[PDB]
Structure formats: structure tokens, C-alpha cells
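Next comes just one chain, in C-alpha cells: the form solved without 5'-deoxy-5'-methylthioadenosine.
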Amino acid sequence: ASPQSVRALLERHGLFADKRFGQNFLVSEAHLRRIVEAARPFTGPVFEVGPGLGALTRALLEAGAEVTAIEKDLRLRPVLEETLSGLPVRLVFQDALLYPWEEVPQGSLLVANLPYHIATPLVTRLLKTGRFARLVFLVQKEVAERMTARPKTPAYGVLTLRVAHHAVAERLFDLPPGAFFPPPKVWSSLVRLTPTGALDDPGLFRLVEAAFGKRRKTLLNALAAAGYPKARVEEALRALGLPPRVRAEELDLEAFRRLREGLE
């Protein structure tokens, strides 16, 4: 609710949160409301990864969502059981990487608060299922930048292309450190993904992973390192009108698909 509310709730449960705690709790009601708005309409059940103290959980329920809140930090069990007491919510303590995503109804909604820098494993797991109608991510600003990056920019990489393959992305707004307690060192952002129904293309992503394997290598050399024969790659690049020493970061999703087809 605000820094003293949170601190007092955590202390009741013998917890101390500073910048090392592992998460950052929403204390901004204005931002809370905007997040609920981003997730509408509630046309499928919501799976909320990282409920924190349950602030968003409560707001989602009040807006008519059905929510399954999935929390990795077992220390928050007494806190959430209290804050969610008497509410129609399912509370699960589990690493979201292990949650049975293949069980969720097709058309479900995913809302995830992922405060850390490397979000790629989980985002990839969720998108590969093809089971969500909408995914809303509250992430570090730099992660949102990667998810929505243009070619030839610092943020551009495998995660950009994974997102683009499965979904249309929107960076909706940023959130300052002061919206959270403890305040994080970086700004956060809210990103909405609307899946297209595209499922994995595993051969495409073996190529894309290889292409971005080493930052300061040409695409030719990066693919050679993963066992794509240079002679075959050279020819494929020639056929596409690409520079012989073109770099992975210069290629868009369409170009990666054409390259993959060329090599097959």
C-alpha cells in the first residue's frame, strides 16, 4: 500500500526487505489500476506469476478475473495467506518454470511480475505453449527494451525475435522506482503481448540462437561455430543479397526465416 504498510506486514511475518530481497512490491495504486486495465478483457482465467503481497491479485479479482497466483518465494507464504484470506483465489507456491503450463485452458491470460534481468527462459516457455490469449509482463526497462527492440540496437537479440515470432508486442508505460517498495535500481515497464497463434519453430530458433551466440562475430562465423557449413551459409547469404560479413543484429525475423529456408 505504501512503504510503512509493507514494512509492517513483512515484520509481522518476521521479514525484512531491502534492495537484496529479490522483489519489489507495488505501492502505487495508480499503476496498479493501469495494469488491471492492460489485462482486460478477462475472457479466460488469469495466471499471475509473482503476486508479491497480493496487491494486483486483489485488484484483478475485484475487476472480475479468476486468478491463480503463483509465487516462487516460499518466505511469502504466511504473508499471502493472510492478504488473500477469504478471497476466491488459488494460491500456488512454485517456480513458474515448473508450473504445468500445458494444463491451463487455451485462451488463458498470463500476468507476470519478473523483477530480474534475465527473463528469457520463462518468457520463452510461456510463448512456446501457444495457449495464452494475452500476456502482460511487468519487467525491468531493459527487458522491455529487448522485447520490443529494433535491429541494429543494443537491446536487439534472441528474445526480440522469440517475442516477434509468437506475438505482437506493446510497451504500454514505464514505472518509476518510487512505484515500488523497496524501490529497485532501474525503472520497470509494462509490456503486453498478443499471441498470433504461431507455435514454436524449433529449427528457426536453433539458427537464431547460433546467430547471436557471440556478439562480435559475423553471422557466417557464428553459424560456422554451431556447425552450419560456411560454404552453404555463404551461398545462402549471397542468394539473399546480404553482405558477406553481415551480423546477426542486422537481420529481421523475415530475413532469418529466409536464411533458414535457404539452408534447408
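For the two forms, the rigid core is made up of the largest set of C-alpha atoms that agree within 1.5 Å on superposition. From 1 onward, residues are counted along the sequence shown.
A second form of this protein, the form solved in complex with 5'-deoxy-5'-methylthioadenosine, is not displayed here; the remarks below concern that form.
Transferred by C-alpha superposition from where it sits in the deposited complex, 5'-deoxy-5'-methylthioadenosine brings 3 or more atoms within 2.4 Å of the backbone or C-beta atoms, leaving the site blocked. For the options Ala149, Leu127, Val79, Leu114, the residue carrying a heavy atom within 4.5 angstroms of 5'-deoxy-5'-methylthioadenosine in the deposited complex is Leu114.
Taking a 4.5 Å heavy atom cutoff to 5'-deoxy-5'-methylthioadenosine in the deposited complex, the contact residue among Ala169, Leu159, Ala96, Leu91 is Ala96. Per the 4.5 Å heavy atom criterion, 5'-deoxy-5'-methylthioadenosine in the deposited complex is contacted by stretch 42-50, the sole one of 220-228, 42-50, 191-199, 59-67.
In the deposited complex, every residue of the candidate spot (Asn24, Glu71 and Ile118) has a heavy atom lying within 4.5 Å of 5'-deoxy-5'-methylthioadenosine. Once you line up the core between this form and the one not shown, the CA of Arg75 is the only one from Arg192, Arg150, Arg75, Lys141 that shifts by 2 Å or more. Annotation: Cα of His117 displaced by at least 2 Å between this form and the one not shown, core superposition. In a rigid-core overlay of the protein, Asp252 has its C-alpha displaced by under 2 Å between this form and the one not shown. Taking 2 Å as the criterion, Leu87 counts as shifted between this form and the one not shown: its C-alpha moves by at least this amount when the rigid core is aligned. Here's the thing about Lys152 and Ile118: their CA atoms end up at least 3 Å farther apart in the deposited complex than they are in this form. Compared with the form shown, the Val208-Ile118 C-alpha separation increases in the deposited complex, the change being 3 Å or greater.
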